[PDB]
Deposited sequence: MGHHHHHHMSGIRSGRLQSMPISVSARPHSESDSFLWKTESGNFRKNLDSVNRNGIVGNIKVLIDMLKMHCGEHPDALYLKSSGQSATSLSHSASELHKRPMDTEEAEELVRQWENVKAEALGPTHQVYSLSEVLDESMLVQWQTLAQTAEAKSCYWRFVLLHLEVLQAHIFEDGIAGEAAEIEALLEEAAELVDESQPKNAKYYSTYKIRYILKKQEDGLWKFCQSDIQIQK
């Protein structure tokens, strides 16, 4: 149900109310960090633990599952982030207590699914607009908890 992960599961099957603006540079650093963690969790060293550094809630559970099954089937992706543009970022307090944030980003990425039985790799490419929900943790760090693809 989180954004984009259905495409990668399919690929794995057929192959192998106070609003405040958020700093655009910071919002971009969070996404970039996430993208690079996704690449490594899904990559040949299968760094699954790192997912829990940048993710929480449904994001974590779902991306953790797909990473583990891939490590189980001895497949991995090579991921390249072609383009990243942060469209909007806003912090807010829902029911006060802890803060939440939202980030709309424009992403362009490519990937190869590598299965050793098969010398021809499956290929993935996409450009998309995505909306992220984040929650500031007790440590004061942001983690992505939900994601939604847009039109």
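Stretches of the deposited sequence lacking C-alpha coordinates, numbered from 1: 1-55, 72-96, 232-233.
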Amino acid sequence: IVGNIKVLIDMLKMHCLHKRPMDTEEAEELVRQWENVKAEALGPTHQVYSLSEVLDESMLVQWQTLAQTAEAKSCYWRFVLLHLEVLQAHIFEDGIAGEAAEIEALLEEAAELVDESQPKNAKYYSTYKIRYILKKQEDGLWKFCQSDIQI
From here on, numbers count along this sequence of modelled residues.
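Averaged over Cα atoms, the B-factor as recorded in the entry is higher for 86-94 than for the other of 53-61 and 86-94. For the pair 101-109 and 36-44, the mean B factor over Cα atoms is greater in 101-109. The PDB entry assigns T69 a C-alpha temperature factor belonging to the middle third of its chain's modelled residues. Ranked within its chain, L134 lands in the middle third, by CA B factor from the PDB record. Per-chain ranking of the deposited C-alpha B factor places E116 in the highest third.
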